[PDB]
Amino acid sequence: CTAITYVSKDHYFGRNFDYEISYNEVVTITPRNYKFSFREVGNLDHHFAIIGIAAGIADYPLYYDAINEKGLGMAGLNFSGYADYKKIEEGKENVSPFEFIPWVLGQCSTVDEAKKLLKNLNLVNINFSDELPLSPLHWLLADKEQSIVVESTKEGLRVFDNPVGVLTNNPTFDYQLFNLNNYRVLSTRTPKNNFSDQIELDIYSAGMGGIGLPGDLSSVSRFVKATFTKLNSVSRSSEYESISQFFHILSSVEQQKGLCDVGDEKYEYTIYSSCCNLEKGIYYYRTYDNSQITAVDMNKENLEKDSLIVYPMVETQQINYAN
């Protein structure tokens, strides 16, 4: 997985969802009066409306990522072997990872509010059900001001400011930031010949400033390439050019089927790619097999409802036959 934020007049938030198998992903709008029952903290009978992509395997919104009607985004990304969930601890707000996106997005309008809510968080090892055990995750949260990373590991709970608005998988966020130090020299412009003034070295290609940028599908490499591509991106401000650039950034680090074998020719690939406009409450997405951008606008629904609104995903290529 790769999650990013991007600014181009509006502020966008979204992710590549990378896994082996598609589990009936749907776009789900949770309206304001859909009751959230939490196992160990107080219920939210009335809360902010949410739109995101969820696993369509329950009548509870099991979100992989989502934004709320106040412009706050949150995404859970695989963090296998690094994530550690805890026992219920007295004095803490004990929240299960499966409840965590509803818990935050339900009641926070900004990342600063999320920071205050997270001060007493303890992420607890309680499964949604026996049939559906917890995934090992870490989280990116973002609004129009800033983004943060939340990591619950064996040593504890850390909330990091994210100066680049990017997150992938393992290892911890502090290693990911540190590793960018190694790429300081990379550039969008042709470098000078610093190697030796005694010989002539030919600029035989454009793009030589970026040589050294890693192009493989591993977690650290995608973090570096997504960061360089996001930070150096240029768009145009209009919505369509803006989301175009966003999906180009995500394309840069997507995983193609066949290239990442996780054992026995079982391939990890980018099942979908999302781009959310935080100001307008629009969830846009592509899928591996549908290149066309599909848009679901949360504000076109009756957000005073109390039942989940589900949009099944367009998963076949939608071709414009021009003749």
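Throughout, we count residues from 1 along the sequence that is shown.
Quick one: higher average CA temperature factor, 244-252 or 147-155? On average, C-alpha B-factors are higher across 147-155.
Could you check which stretch, 235-243 or 206-214, carries the larger mean CA temperature factor in the entry? Taking the mean C-alpha B-factor of 235-243 and of 206-214, the larger value falls to 235-243.
From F195, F128, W103, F223, residue of greatest CA B-factor: Going by the entry's C-alpha B-factors, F128 comes out highest.
From the list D174, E90, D161, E99, select the residue with the highest C-alpha B factor recorded in the entry. Among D174, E90, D161, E99, the PDB entry lists the largest C-alpha B-factor for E90.
Third of the chain, ranked by Cα B-factor, where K116 sits: Its C-alpha B-factor, which the entry lists for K116, ranks in the highest third among residues of this chain.
Ranked against its chain, the third holding the CA B-factor of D65: For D65, the deposited C-alpha B-factor lands in the lowest third.
Taking the values exactly as deposited, rank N43 by C-alpha B-factor within its chain and report the matching third: lowest, middle or highest. According to the entry, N43 has a C-alpha B-factor in the chain's highest third.
Which third, lowest, middle or highest, does the C-alpha temperature factor of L134 belong to within its own chain? Its C-alpha B-factor, which the entry lists for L134, ranks in the highest third among residues of this chain.
Based on the deposited C-alpha B factors for this chain, I'd like to know if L167 is in the lowest, middle or highest third. Within its chain, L167 is a lowest-third residue by C-alpha B-factor, going by the deposited values.
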